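Taking the form solved without this ligand, here's one chain by itself in structure tokens.
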């Protein structure tokens, strides 16, 4: 039973993925989005990637499947591999560290203007140690913090 408060937040993600507002996420748009994220996925990956979110193999993604894909993860096993790439995917420094600055560097290219007072707070609001920066160890805390 997904609460509305959750179903809403998800909507925000879509508008971020489907810039065309067609109502379906395609590979051409997916790669383009990940291509600007500093990532360089292969053709076999992007195409095969959609499959993961495409259980019906229709060639596109909808709301029911868009949430299921994310929700499912919460209702199944997880691979620290995804937490590594995504995380290291932001630390272009390959150092594995995301400072309130670096985060603002990438999250900024997203195409949305964010405020420092917010980012600084978020990162500092999640940093169980409050070091103004997030470490790989902290990343687990969130998933290990009931």
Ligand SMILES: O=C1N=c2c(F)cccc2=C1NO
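Numbering follows the first chain given and starts at 1.
Unshown form deposited with this ligand bound; subsequent notes refer to it.
Trainee: Might residue 136 be said to contact this ligand in the deposited bound form, defining contact as any heavy atom within 4.5 Å?
Mentor: Heavy-atom contact with this ligand at 4.5 Å: absent for residue 136.
Trainee: State yes or no: in the deposited bound form, is some non-hydrogen atom of residue 116 no more than 4.5 angstroms from a non-hydrogen atom of this ligand?
Mentor: Judged by the heavy-atom cut-off of 4.5 Å, residue 116 is well away from this ligand in the deposited bound form.
Trainee: Classify residue 101 as contacting or not contacting this ligand in the deposited bound form by the rule of any non-hydrogen atom within 4.5 angstroms, answering yes or no.
Mentor: Output for residue 101 is no: heavy atoms all beyond 4.5 Å of this ligand.
Trainee: Within a 4.5 Å heavy atom cut-off, is residue 69 in contact with this ligand in the deposited bound form?
Mentor: Looking in the deposited bound form, residue contacts with this ligand include residue 69, since a heavy atom lies within 4.5 Å.
Trainee: For the stretch 22-53, which residues lie within 4.5 Å of this ligand in the deposited bound form by non-hydrogen atom distance?
Mentor: 25, 30, 49, 52, 53, in sequence order.
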